[PDB]
């Protein structure tokens, strides 16, 4: 009868969520911050309590979590950060808008990437404006060459998220700790795919809403007993 809550961060600065923000450490926009506050207020109104929180090492997710903990008066909770919950690494496309992407690689190839589970985008090369910014960022200094991506397929992203789910999060849930996870579209996709046993095609069609608490009820095998539910006023739901 466990309860798990997920929350996907909202809008980031400079329209970066429509520019393959990926591993670039974009902050929330004021709008994204307000979204997180609304999500937190929904959790507060519903009287939710947590015992432990997981998030990525990207400040838009961390700030989403902080906003939520502030709203629900549980700033004292233990918080665990991991690169394994980071957004998908969009490689050389990182920072580009739709037009720039199609101009550079063509519509055909974009259609293929968009629709593919196991094809990565091109690698982020040294001439990319974010190359040293991300690859030499001190928060990833303990990662091995194989762990630090230059690019990720969705398959890759899920593959590195799920070890953390199994090794760090599952044991807490089975101890009865009430878990909050604040993360990103694709890392949360990995979790949802695992929970609901979805196909590659289905998970690629699933777009989790932003700034809205997503509630799971899990049985003793960590299988959902019902569809995911969204928290908030009747309309927003």
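If you superpose the two forms and keep the largest set of C-alpha atoms that fall within 1.5 Å, you have the rigid core. Residue numbers count along the first chain shown, from 1.
Farther on average from this form in 8 other deposited structures of this protein lies stretch 111-119, the comparison being between 148-156 and 111-119 by RMS Cα distance after core superposition. Superposing the other copies on the rigid core and comparing 219-227 to 18-26, farther C-alpha placement in 8 other deposited structures of this protein marks 18-26. Of the two segments, 145-153 and 82-90, the one listed with the higher mean B-factor is 145-153 (C-alpha atoms only). Taking only CA atoms, the mean B-factor in the PDB entry is higher for 205-213 than for the other of 52-60 and 205-213. Among all modelled residues in its chain, residue 98 ranks in the highest third by Cα B-factor. Split the chain's modelled residues into thirds by C-alpha temperature factor. Residue 114 is in the highest one. The entry lists a Cα temperature factor for residue 45 that places it in the highest third of the chain's modelled residues. Residue-level temperature factors show residue 172 in the middle third of its chain, judged at the C-alpha atom. Ranked by C-alpha B-factor against the other modelled residues of its chain, residue 70 falls in the middle third.
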